[PDB]
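> Provided herewith is a single structure, encoded as structure tokens, for subsequent inquiry.
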Amino acid sequence: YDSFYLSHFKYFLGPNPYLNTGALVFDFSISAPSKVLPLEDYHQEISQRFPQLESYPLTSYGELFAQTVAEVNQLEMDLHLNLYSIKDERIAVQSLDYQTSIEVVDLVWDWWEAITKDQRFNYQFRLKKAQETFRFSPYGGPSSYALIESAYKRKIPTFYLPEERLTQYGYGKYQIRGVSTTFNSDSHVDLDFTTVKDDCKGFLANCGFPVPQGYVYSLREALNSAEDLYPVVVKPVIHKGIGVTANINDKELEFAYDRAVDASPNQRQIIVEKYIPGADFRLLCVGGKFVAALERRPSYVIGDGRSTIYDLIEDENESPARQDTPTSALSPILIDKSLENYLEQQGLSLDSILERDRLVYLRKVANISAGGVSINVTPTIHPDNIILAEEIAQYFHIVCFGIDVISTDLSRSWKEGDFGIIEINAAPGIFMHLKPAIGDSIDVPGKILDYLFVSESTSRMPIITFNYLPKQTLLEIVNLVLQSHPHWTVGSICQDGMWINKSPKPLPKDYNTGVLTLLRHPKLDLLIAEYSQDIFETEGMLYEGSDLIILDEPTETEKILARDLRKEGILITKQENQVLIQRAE
């Protein structure tokens with residue numbers, strides 16, 4: 001690091017003096033002014049990678065750096081992190097994860113050293129590293145991320161509860177907590193039950209649902225399944241298509257039994273079911289109501305009499321539709337054990353030429369992340385299939401509920417017969433519904449939040465903040481509030497201690513842990529909290545904005561608190577003996 005230099009790094013979870021949200025903050029400077037002579041050349045190489053920057057004015061080295069980092073922070077997942085603040089060469093960039101954000105800044109720093117010196121910067125490698133780091137942050141998983149992005153645009157506060165490993169949505173008594181598509185209202189019993197395939201299938205069958213019928217330790221038992229009142233499916237109890245043979249007479253079945261057993265020998269514990277032809281569809285209900293349906297089509301190649309499967313896969317992977325980005329709608333076809341096994345089962349291999357117009361599926365079970373195709377088929381679903389989904393969902397107190405079915409045509413009513421329910425997913429992913437390879441997206445994250453907060457006009461209780469709040473003042477205010485609202489829970493925190501309705505509680509060493517405790521309180525009607533400069537510049541603010549802000553002889557840093565004032569909030573300021581009210585708007 002000879003050309004440019006970064007120092008004085010600070011990370012804030014929430015709003016701080018530089019940004020109104022969480023951020024990584026650092027000081028930008030130049031070590032070698034004689035080497036970093038161009039500004040335009042940095043602009044050009046960077047804008048070539050990020051052409052949207054050609055719309056920006058070229059000002060300082062610091063601002064260009066900040067912009068570069070802000071763009072890089074999006075990685076390739078369009079994360080809503082393209083936000084920066086620069087003043088006096090101090091750069092703040094929006095940050096979801098401390099470790100990830102540092103990696104990004106180092107990436108850009110090393111990149112600029114390379115731009116200055118010998119170029120040849122391995123951007124892809126460094127980015128992939130950052131992407132992987134991000135993936136193990138609490139927001140790394142795209143179904144969790146989508147909910148955050150949605151909560152942001154919906155103005156529902158979110159923060160992370162590290163002892164619970166949950167995201168909290170909303171404040172105080174309005175709170176929802178959750179992990180991904182699973183939430184704290186979801187019933188333990190009801191969830192547990194969906195992990196038991198046999199009892200779950202039995203129960204659904206008894207409710208008149210189209211559950212496939214089935215009967216195995218020995219091949220003799222496998223045979224009995226097919227014999228007693230038909231083509232079958234053979235899978236071991238223990239999966240994901242491993243050892244799976246389907247559309248099976250006696251000889252085919254002896255073979256299929258062996259397949260399942262050899263694949264999983266410790267589970268010799270074999271499942272033999274009547275075969276249902278058709279595509280694999282996911283039916284999703286949210287809040288008990290159907291929201292989306294999606295087909296998961298295995299990837300495939302078409303013959304030509306000229307070229308091998310390997311060649312056909314490579315040609316298909318040149319399609320611009322195939323992207324490596326973890327959150328692409330469609331991955332390049334990847335070659336793994338599952339693909340090779342499925343070809344073997346067809347008497348095919350990679351080095352095999354297919355006849356003109358022959359279609360060959362590469363996997364039995366689509367893996368979207370490895371090249372399968374996600375199709376939004378919602379607009380064509382038969383109303384009876386919508387109803388089926390809802391009639392199943394109504395029995396489980398689970399906010400997000402997925403049903404995996406097989407059908408030859410989802411536009412035909414299940415009553416027609418080429419239809420059956422294979423699996424229940426009590427905490428389904430939703431990303432693929434937001435980003436299908438084919439068809440319109442469905443804002444499922446949106447629908448989830450809409451349902452969760454359907455009953456309330458707000459996701460958050462009122463917050464009062466002060467730059468200075470001595471115990472005396474705090475308690476007088478608490479007293480008045482309770483006189484008007486004696487049934488309320490009022491959480492109050494300042495440097496002098498913390499109280500709930502007059503009852504003192506120990507103050508944690510981390511100020512914001514105390515604040516967290518209050519936000520997390522399920523009955524909280526009102527939060528009152530101090531953020532003196534000592535804290536604002538050290539831990540930062542934990543919640544996103546106040547309804548009432550009070551500045552008693554504030555420092556210039558303390559005055560910044562005023563930025564995060566809710567629409568129609570009030571800013572009270574005291575200087576000498578005068579007090580201003582200033583309704584926000």
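Just so we're on the same page: first chain in the structure tokens is A, next is B, and so on; residues restart at 1 for each chain, and ligands are numbered from 1 in the order they show up.
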What's the 7 Å shell around range 268-274 of chain A, counting only C-alpha atoms, without same-chain residues fewer than 2 positions away, as a PyMOL selection string?
chain A and resi 212-217+222+225+230-237+261+264-266+276
> Which neighbours of residue 432 in chain A fall inside 12 Å, counting only C-alpha atoms, when residues of the same chain fewer than 4 positions from it are skipped, and could you give them as a short mmCIF file (atom, residue, chain, number, x, y, z; two decimals) with C-alpha atoms, in the first residue's frame?

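Full text of result.cif as output:
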data_model
loop_
_atom_site.label_atom_id
_atom_site.label_comp_id
_atom_site.auth_asym_id
_atom_site.auth_seq_id
_atom_site.Cartn_x
_atom_site.Cartn_y
_atom_site.Cartn_z
CA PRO A 142 -31.16 -14.50 -0.19
CA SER A 143 -34.54 -15.30 1.29
CA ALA A 146 -35.15 -10.14 0.40
CA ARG A 282 -44.07 -25.47 -5.80
CA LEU A 284 -46.78 -21.28 -1.89
CA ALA A 292 -47.50 -18.13 -6.05
CA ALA A 293 -46.86 -21.26 -8.09
CA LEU A 294 -43.60 -22.17 -9.75
CA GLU A 295 -42.43 -25.03 -11.98
CA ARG A 296 -38.95 -26.45 -11.40
CA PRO A 326 -25.46 -16.29 -6.43
CA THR A 327 -28.72 -14.43 -6.99
CA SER A 328 -28.95 -14.85 -10.74
CA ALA A 329 -32.33 -16.12 -11.96
CA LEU A 330 -30.55 -19.00 -13.67
CA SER A 331 -27.17 -20.64 -13.09
CA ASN A 367 -31.39 -27.77 -9.16
CA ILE A 368 -32.00 -24.16 -10.09
CA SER A 369 -28.67 -23.08 -8.62
CA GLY A 372 -32.46 -25.96 -13.70
CA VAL A 373 -35.20 -23.57 -14.79
CA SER A 374 -37.63 -21.82 -12.47
CA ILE A 375 -40.91 -20.93 -14.19
CA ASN A 376 -43.64 -18.68 -12.85
CA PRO A 428 -39.90 -22.80 2.16
CA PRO A 436 -37.84 -16.82 -11.65
CA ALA A 437 -35.93 -17.60 -14.81
CA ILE A 438 -39.15 -17.38 -16.78
CA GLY A 439 -42.19 -15.22 -16.15
CA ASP A 440 -43.15 -12.29 -13.96
CA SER A 441 -41.71 -12.01 -10.45
CA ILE A 442 -43.89 -12.21 -7.37
CA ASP A 443 -43.02 -9.93 -4.47
CA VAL A 444 -43.36 -12.64 -1.87
CA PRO A 445 -41.21 -10.80 0.74
#
> Using CA of residue 533 in chain A and CA of residue 29 in chain A as the two end points, give the distance in Å to one decimal.
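Taking CA of residue 533 in chain A as the start and CA of residue 29 in chain A as the end point, the length is 25.9 Å.
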> Residues within 6 Å of range 482-499 of chain A, please, as a ChimeraX atom specification. Count only C-alpha atoms; anything in the same chain fewer than 3 positions from it doesn't count.
/A:471,479,502-505,507,518,524-530
> I need the residues of range 322-442 of chain A that end up classed as alpha helix (DSSP H) by DSSP on the backbone, written out as number ranges by chain.
A: 337-345, 383-393, 431-434
> So that I have them on file, write out the residues from the current selection with N, CA, C and O atoms, as a CSV table (one decimal), in the first residue's frame.

chain,number,residue,atom,x,y,z
A,337,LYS,N,-22.0,-35.0,-9.7
A,337,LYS,CA,-22.4,-36.4,-9.5
A,337,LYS,C,-23.8,-36.7,-10.0
A,337,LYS,O,-24.1,-37.7,-10.6
A,338,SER,N,-24.7,-35.8,-9.6
A,338,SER,CA,-26.1,-36.0,-9.9
A,338,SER,C,-26.4,-36.0,-11.4
A,338,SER,O,-27.1,-36.9,-11.9
A,339,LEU,N,-25.8,-35.1,-12.1
A,339,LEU,CA,-25.9,-35.0,-13.5
A,339,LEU,C,-25.3,-36.2,-14.2
A,339,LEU,O,-26.0,-36.8,-15.0
A,340,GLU,N,-24.1,-36.6,-13.8
A,340,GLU,CA,-23.5,-37.8,-14.4
A,340,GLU,C,-24.4,-39.0,-14.1
A,340,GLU,O,-24.5,-39.9,-15.0
A,341,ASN,N,-24.9,-39.2,-12.9
A,341,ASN,CA,-25.6,-40.3,-12.5
A,341,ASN,C,-26.9,-40.4,-13.4
A,341,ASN,O,-27.3,-41.5,-13.8
A,342,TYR,N,-27.6,-39.3,-13.5
A,342,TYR,CA,-28.8,-39.3,-14.3
A,342,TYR,C,-28.5,-39.6,-15.7
A,342,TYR,O,-29.3,-40.4,-16.3
A,343,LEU,N,-27.4,-39.2,-16.3
A,343,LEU,CA,-27.1,-39.6,-17.7
A,343,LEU,C,-26.9,-41.1,-17.7
A,343,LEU,O,-27.4,-41.8,-18.6
A,344,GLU,N,-26.1,-41.6,-16.7
A,344,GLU,CA,-25.8,-43.0,-16.8
A,344,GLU,C,-27.1,-43.8,-16.8
A,344,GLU,O,-27.2,-44.8,-17.5
A,345,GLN,N,-28.1,-43.4,-16.1
A,345,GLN,CA,-29.4,-44.1,-15.9
A,345,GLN,C,-30.2,-44.1,-17.3
A,345,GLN,O,-31.1,-44.9,-17.4
A,383,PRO,N,-58.2,-22.7,-10.5
A,383,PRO,CA,-58.7,-22.4,-9.2
A,383,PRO,C,-58.9,-23.5,-8.2
A,383,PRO,O,-58.7,-23.3,-7.0
A,384,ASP,N,-59.1,-24.8,-8.7
A,384,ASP,CA,-59.2,-25.9,-7.7
A,384,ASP,C,-57.8,-26.2,-7.1
A,384,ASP,O,-57.8,-26.8,-6.0
A,385,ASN,N,-56.8,-25.8,-7.8
A,385,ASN,CA,-55.4,-26.1,-7.3
A,385,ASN,C,-55.1,-25.0,-6.3
A,385,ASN,O,-54.4,-25.3,-5.3
A,386,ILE,N,-55.6,-23.8,-6.6
A,386,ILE,CA,-55.4,-22.7,-5.6
A,386,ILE,C,-56.1,-23.1,-4.3
A,386,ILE,O,-55.5,-23.0,-3.2
A,387,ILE,N,-57.3,-23.6,-4.5
A,387,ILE,CA,-58.1,-24.0,-3.3
A,387,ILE,C,-57.4,-25.1,-2.6
A,387,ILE,O,-57.3,-25.0,-1.4
A,388,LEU,N,-56.9,-26.1,-3.3
A,388,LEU,CA,-56.2,-27.2,-2.7
A,388,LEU,C,-55.1,-26.7,-1.8
A,388,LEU,O,-55.1,-27.0,-0.6
A,389,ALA,N,-54.3,-25.8,-2.3
A,389,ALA,CA,-53.2,-25.2,-1.6
A,389,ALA,C,-53.7,-24.6,-0.3
A,389,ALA,O,-53.1,-24.8,0.8
A,390,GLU,N,-54.8,-23.8,-0.4
A,390,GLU,CA,-55.3,-23.1,0.8
A,390,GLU,C,-56.0,-24.1,1.8
A,390,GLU,O,-55.9,-23.8,3.0
A,391,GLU,N,-56.6,-25.1,1.3
A,391,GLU,CA,-57.3,-26.1,2.1
A,391,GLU,C,-56.3,-26.9,2.9
A,391,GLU,O,-56.6,-27.4,4.1
A,392,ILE,N,-55.1,-27.1,2.4
A,392,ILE,CA,-54.0,-27.8,3.1
A,392,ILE,C,-53.5,-26.8,4.2
A,392,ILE,O,-53.3,-27.2,5.3
A,393,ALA,N,-53.1,-25.6,3.7
A,393,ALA,CA,-52.4,-24.6,4.5
A,393,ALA,C,-53.2,-24.3,5.8
A,393,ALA,O,-52.6,-24.0,6.8
A,431,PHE,N,-36.9,-17.1,-2.6
A,431,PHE,CA,-36.1,-16.3,-3.5
A,431,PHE,C,-36.5,-16.6,-5.0
A,431,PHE,O,-36.7,-15.6,-5.8
A,432,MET,N,-36.6,-17.8,-5.3
A,432,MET,CA,-36.9,-18.2,-6.7
A,432,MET,C,-38.3,-17.7,-7.2
A,432,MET,O,-38.6,-17.7,-8.4
A,433,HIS,N,-39.1,-17.3,-6.3
A,433,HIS,CA,-40.4,-16.8,-6.7
A,433,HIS,C,-40.2,-15.3,-7.0
A,433,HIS,O,-41.0,-14.8,-7.9
A,434,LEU,N,-39.3,-14.7,-6.4
A,434,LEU,CA,-38.9,-13.3,-6.6
A,434,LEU,C,-38.1,-13.2,-7.9
A,434,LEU,O,-38.3,-12.2,-8.7
> Got a sec: who's within 10 Å of residue 110 in chain A, counting only C-alpha atoms, leaving out chain neighbours fewer than 3 positions off, as an NGL selection string?
:A and (1 or 3-4 or 104-107 or 113-116 or 119 or 121-123 or 126)
> Could you jot down the CA of residue 79 in chain A to CA of residue 135 in chain A separation for me, Å, one decimal place?
12.3 Å
> By how many Å are CA of residue 27 in chain A and CA of residue 66 in chain A apart?
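Separation between CA of residue 27 in chain A and CA of residue 66 in chain A: 10.7 Å.
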> Find, counting only C-alpha atoms, the residue in A:50, A:300, A:112, A:169 that gets nearest to residue 35 in chain A.
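Comparing A:50, A:300, A:112, A:169 against residue 35 in chain A, the winner is A:112.
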> As a ChimeraX atom specification, please: the residues near range 16-18 of chain A (cut-off 8 Å, only C-alpha atoms, same-chain neighbours under 6 positions excluded).
/A:25,85-86,92,536-537,540-541,557,560-561
> Could you write those residues out with N, CA, C and O atoms, as a PDB file, in the first residue's frame?

ATOM      1  N   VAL A  25     -16.919   3.254   8.293  1.00  0.00           N
ATOM      2  CA  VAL A  25     -16.430   4.609   8.139  1.00  0.00           C
ATOM      3  C   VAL A  25     -14.903   4.598   8.198  1.00  0.00           C
ATOM      4  O   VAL A  25     -14.316   3.963   9.077  1.00  0.00           O
ATOM      5  N   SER A  85     -21.493   8.523   2.153  1.00  0.00           N
ATOM      6  CA  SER A  85     -21.410   9.851   2.716  1.00  0.00           C
ATOM      7  C   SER A  85     -19.932  10.211   2.746  1.00  0.00           C
ATOM      8  O   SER A  85     -19.101   9.443   3.228  1.00  0.00           O
ATOM      9  N   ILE A  86     -19.589  11.370   2.188  1.00  0.00           N
ATOM     10  CA  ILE A  86     -18.207  11.814   2.300  1.00  0.00           C
ATOM     11  C   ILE A  86     -18.137  13.248   2.828  1.00  0.00           C
ATOM     12  O   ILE A  86     -18.832  14.131   2.328  1.00  0.00           O
ATOM     13  N   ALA A  92     -17.991   7.185   4.538  1.00  0.00           N
ATOM     14  CA  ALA A  92     -18.881   6.254   5.189  1.00  0.00           C
ATOM     15  C   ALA A  92     -19.676   5.527   4.117  1.00  0.00           C
ATOM     16  O   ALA A  92     -20.227   6.142   3.203  1.00  0.00           O
ATOM     17  N   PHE A 536     -23.018   8.493  20.715  1.00  0.00           N
ATOM     18  CA  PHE A 536     -23.344   8.649  19.311  1.00  0.00           C
ATOM     19  C   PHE A 536     -22.094   8.421  18.452  1.00  0.00           C
ATOM     20  O   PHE A 536     -22.165   7.756  17.427  1.00  0.00           O
ATOM     21  N   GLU A 537     -20.927   8.899  18.909  1.00  0.00           N
ATOM     22  CA  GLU A 537     -19.700   8.754  18.141  1.00  0.00           C
ATOM     23  C   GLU A 537     -18.987   7.430  18.438  1.00  0.00           C
ATOM     24  O   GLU A 537     -17.964   7.149  17.829  1.00  0.00           O
ATOM     25  N   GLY A 540     -22.912   4.466  18.300  1.00  0.00           N
ATOM     26  CA  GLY A 540     -23.887   4.868  17.307  1.00  0.00           C
ATOM     27  C   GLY A 540     -25.287   4.663  17.851  1.00  0.00           C
ATOM     28  O   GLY A 540     -25.470   4.299  19.014  1.00  0.00           O
ATOM     29  N   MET A 541     -26.264   4.927  16.997  1.00  0.00           N
ATOM     30  CA  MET A 541     -27.642   4.836  17.424  1.00  0.00           C
ATOM     31  C   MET A 541     -28.165   3.457  17.020  1.00  0.00           C
ATOM     32  O   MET A 541     -27.715   2.894  16.027  1.00  0.00           O
ATOM     33  N   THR A 557     -21.931  17.798  17.251  1.00  0.00           N
ATOM     34  CA  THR A 557     -22.212  16.419  16.896  1.00  0.00           C
ATOM     35  C   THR A 557     -23.623  16.057  17.334  1.00  0.00           C
ATOM     36  O   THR A 557     -24.345  15.422  16.572  1.00  0.00           O
ATOM     37  N   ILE A 560     -26.620  16.641  15.198  1.00  0.00           N
ATOM     38  CA  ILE A 560     -26.821  15.761  14.052  1.00  0.00           C
ATOM     39  C   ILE A 560     -28.034  14.862  14.297  1.00  0.00           C
ATOM     40  O   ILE A 560     -28.645  14.366  13.336  1.00  0.00           O
ATOM     41  N   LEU A 561     -28.368  14.646  15.579  1.00  0.00           N
ATOM     42  CA  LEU A 561     -29.445  13.733  15.909  1.00  0.00           C
ATOM     43  C   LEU A 561     -30.685  14.136  15.127  1.00  0.00           C
ATOM     44  O   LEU A 561     -31.483  13.286  14.749  1.00  0.00           O
TER      45      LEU A 561
END
> For residue 10 in chain A, which residue among A:204, A:209, A:539, A:262 is the nearest when counting only C-alpha atoms?
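Distance minimum relative to residue 10 in chain A lands on A:539.
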> Neighbours of residue 147 in chain A within 8 Å (only C-alpha atoms; same-chain residues fewer than 6 positions away dropped), as a list in words?
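Here the answer would be residues 180, 445, 446 and 449 of chain A.
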> Those residues you just picked out, can you put them in a file as a short mmCIF file (atom, residue, chain, number, x, y, z; two decimals), in the first residue's frame with N, CA, C and O atoms?

data_model
loop_
_atom_site.label_atom_id
_atom_site.label_comp_id
_atom_site.auth_asym_id
_atom_site.auth_seq_id
_atom_site.Cartn_x
_atom_site.Cartn_y
_atom_site.Cartn_z
N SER A 180 -36.10 -16.82 8.67
CA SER A 180 -36.14 -16.58 7.24
C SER A 180 -37.60 -16.45 6.88
O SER A 180 -38.19 -15.38 7.02
N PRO A 445 -41.66 -11.47 -0.48
CA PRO A 445 -41.21 -10.80 0.74
C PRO A 445 -42.21 -9.72 1.13
O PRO A 445 -42.57 -9.54 2.29
N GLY A 446 -42.69 -9.00 0.11
CA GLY A 446 -43.70 -7.99 0.32
C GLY A 446 -44.94 -8.60 0.94
O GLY A 446 -45.40 -8.15 1.97
N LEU A 449 -44.62 -9.49 4.59
CA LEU A 449 -44.68 -8.36 5.50
C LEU A 449 -46.09 -7.77 5.55
O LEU A 449 -46.54 -7.37 6.63
#
> Could you pull out the strand (DSSP E or B) residues of range 88-282 of chain A, going by DSSP on the backbone, and write them as a PyMOL selection string?
chain A and resi 90-94+158-161+166-169+176-178+183+214+232-236+245-246+270-274+279-282
> Would you output that residue set with N, CA, C and O atoms, as a CSV table (one decimal), in the first residue's frame?

chain,number,residue,atom,x,y,z
A,90,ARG,N,-13.4,11.9,5.1
A,90,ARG,CA,-13.9,10.7,5.8
A,90,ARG,C,-15.1,10.1,5.0
A,90,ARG,O,-16.0,10.8,4.6
A,91,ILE,N,-14.9,8.8,4.7
A,91,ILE,CA,-15.9,8.1,3.9
A,91,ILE,C,-16.7,7.1,4.7
A,91,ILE,O,-16.1,6.2,5.3
A,92,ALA,N,-18.0,7.2,4.5
A,92,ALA,CA,-18.9,6.3,5.2
A,92,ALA,C,-19.7,5.5,4.1
A,92,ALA,O,-20.2,6.1,3.2
A,93,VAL,N,-19.7,4.2,4.2
A,93,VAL,CA,-20.6,3.5,3.3
A,93,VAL,C,-21.5,2.5,4.1
A,93,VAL,O,-21.1,1.9,5.1
A,94,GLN,N,-22.7,2.4,3.5
A,94,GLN,CA,-23.7,1.6,4.1
A,94,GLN,C,-23.2,0.2,4.3
A,94,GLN,O,-22.6,-0.3,3.4
A,158,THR,N,-35.6,-2.9,11.0
A,158,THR,CA,-35.1,-4.2,11.3
A,158,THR,C,-33.8,-4.1,12.1
A,158,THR,O,-33.0,-3.2,11.8
A,159,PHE,N,-33.6,-5.1,12.9
A,159,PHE,CA,-32.3,-5.2,13.5
A,159,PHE,C,-32.0,-6.7,13.9
A,159,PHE,O,-33.0,-7.5,14.0
A,160,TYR,N,-30.8,-7.0,14.3
A,160,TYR,CA,-30.4,-8.4,14.6
A,160,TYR,C,-30.3,-8.6,16.1
A,160,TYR,O,-29.7,-7.8,16.8
A,161,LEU,N,-30.8,-9.7,16.5
A,161,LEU,CA,-30.8,-10.1,17.9
A,161,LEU,C,-29.9,-11.3,18.0
A,161,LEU,O,-30.2,-12.5,17.8
A,166,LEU,N,-32.0,-14.1,15.5
A,166,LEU,CA,-33.2,-13.7,14.8
A,166,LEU,C,-33.1,-12.3,14.3
A,166,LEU,O,-32.4,-11.4,14.9
A,167,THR,N,-33.9,-12.0,13.2
A,167,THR,CA,-34.1,-10.6,12.8
A,167,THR,C,-35.4,-10.2,13.5
A,167,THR,O,-36.4,-10.8,13.4
A,168,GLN,N,-35.3,-9.0,14.1
A,168,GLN,CA,-36.6,-8.4,14.6
A,168,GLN,C,-37.1,-7.4,13.6
A,168,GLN,O,-36.3,-6.6,13.1
A,169,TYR,N,-38.4,-7.5,13.3
A,169,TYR,CA,-39.1,-6.5,12.5
A,169,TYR,C,-40.0,-5.7,13.3
A,169,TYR,O,-40.9,-6.2,14.0
A,176,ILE,N,-42.3,-8.5,15.3
A,176,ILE,CA,-42.3,-9.8,14.7
A,176,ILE,C,-40.9,-10.2,14.8
A,176,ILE,O,-40.0,-9.4,14.5
A,177,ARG,N,-40.6,-11.5,15.1
A,177,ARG,CA,-39.2,-12.0,15.0
A,177,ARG,C,-39.2,-13.1,14.0
A,177,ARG,O,-40.1,-13.9,14.0
A,178,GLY,N,-38.1,-13.3,13.3
A,178,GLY,CA,-38.0,-14.4,12.4
A,178,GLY,C,-36.6,-14.7,11.9
A,178,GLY,O,-35.6,-14.0,12.1
A,183,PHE,N,-41.2,-17.6,11.3
A,183,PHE,CA,-41.5,-16.5,12.2
A,183,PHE,C,-42.0,-17.0,13.6
A,183,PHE,O,-42.4,-18.2,13.7
A,214,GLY,N,-48.6,-45.8,-1.3
A,214,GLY,CA,-47.3,-46.5,-1.2
A,214,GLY,C,-47.3,-47.6,-0.2
A,214,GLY,O,-48.2,-47.7,0.6
A,232,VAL,N,-44.3,-47.9,-10.8
A,232,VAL,CA,-43.9,-47.4,-9.5
A,232,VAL,C,-42.6,-46.5,-9.5
A,232,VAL,O,-41.9,-46.4,-10.5
A,233,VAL,N,-42.4,-45.9,-8.3
A,233,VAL,CA,-41.3,-45.1,-7.9
A,233,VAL,C,-40.6,-45.7,-6.8
A,233,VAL,O,-41.2,-46.1,-5.7
A,234,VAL,N,-39.2,-45.9,-6.9
A,234,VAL,CA,-38.5,-46.5,-5.8
A,234,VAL,C,-37.4,-45.6,-5.3
A,234,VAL,O,-36.5,-45.1,-6.1
A,235,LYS,N,-37.5,-45.2,-4.0
A,235,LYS,CA,-36.5,-44.4,-3.4
A,235,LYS,C,-36.2,-44.9,-2.0
A,235,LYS,O,-37.0,-45.6,-1.4
A,236,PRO,N,-35.0,-44.7,-1.5
A,236,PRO,CA,-34.6,-45.1,-0.1
A,236,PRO,C,-35.2,-44.1,0.8
A,236,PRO,O,-35.5,-43.0,0.4
A,245,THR,N,-35.2,-44.5,-8.8
A,245,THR,CA,-35.6,-45.0,-10.1
A,245,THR,C,-37.1,-44.8,-10.2
A,245,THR,O,-37.8,-45.0,-9.2
A,246,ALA,N,-37.7,-44.5,-11.4
A,246,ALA,CA,-39.1,-44.3,-11.5
A,246,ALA,C,-39.7,-44.7,-12.8
A,246,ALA,O,-39.0,-44.7,-13.8
A,270,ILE,N,-36.9,-49.0,2.4
A,270,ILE,CA,-37.1,-48.6,1.0
A,270,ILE,C,-38.6,-48.1,0.9
A,270,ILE,O,-39.5,-48.7,1.5
A,271,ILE,N,-38.7,-47.1,0.1
A,271,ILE,CA,-40.1,-46.5,-0.2
A,271,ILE,C,-40.5,-46.9,-1.6
A,271,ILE,O,-39.9,-46.5,-2.5
A,272,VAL,N,-41.7,-47.5,-1.7
A,272,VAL,CA,-42.1,-47.8,-3.0
A,272,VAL,C,-43.5,-47.3,-3.2
A,272,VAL,O,-44.5,-47.6,-2.4
A,273,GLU,N,-43.7,-46.3,-4.1
A,273,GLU,CA,-44.9,-45.6,-4.4
A,273,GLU,C,-45.5,-45.7,-5.8
A,273,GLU,O,-44.7,-45.8,-6.7
A,274,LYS,N,-46.8,-45.5,-6.0
A,274,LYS,CA,-47.3,-45.5,-7.4
A,274,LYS,C,-46.8,-44.2,-8.1
A,274,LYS,O,-46.9,-43.1,-7.5
A,279,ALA,N,-44.6,-32.6,-14.1
A,279,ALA,CA,-43.6,-31.6,-13.7
A,279,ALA,C,-43.7,-31.4,-12.2
A,279,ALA,O,-44.7,-31.6,-11.6
A,280,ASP,N,-42.5,-30.9,-11.7
A,280,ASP,CA,-42.4,-30.6,-10.3
A,280,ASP,C,-42.8,-29.1,-10.0
A,280,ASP,O,-42.1,-28.2,-10.4
A,281,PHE,N,-43.9,-28.9,-9.2
A,281,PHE,CA,-44.4,-27.6,-8.9
A,281,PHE,C,-44.4,-27.2,-7.5
A,281,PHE,O,-44.8,-28.0,-6.6
A,282,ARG,N,-44.0,-26.0,-7.1
A,282,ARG,CA,-44.1,-25.5,-5.8
A,282,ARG,C,-45.3,-24.5,-5.7
A,282,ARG,O,-45.4,-23.5,-6.4
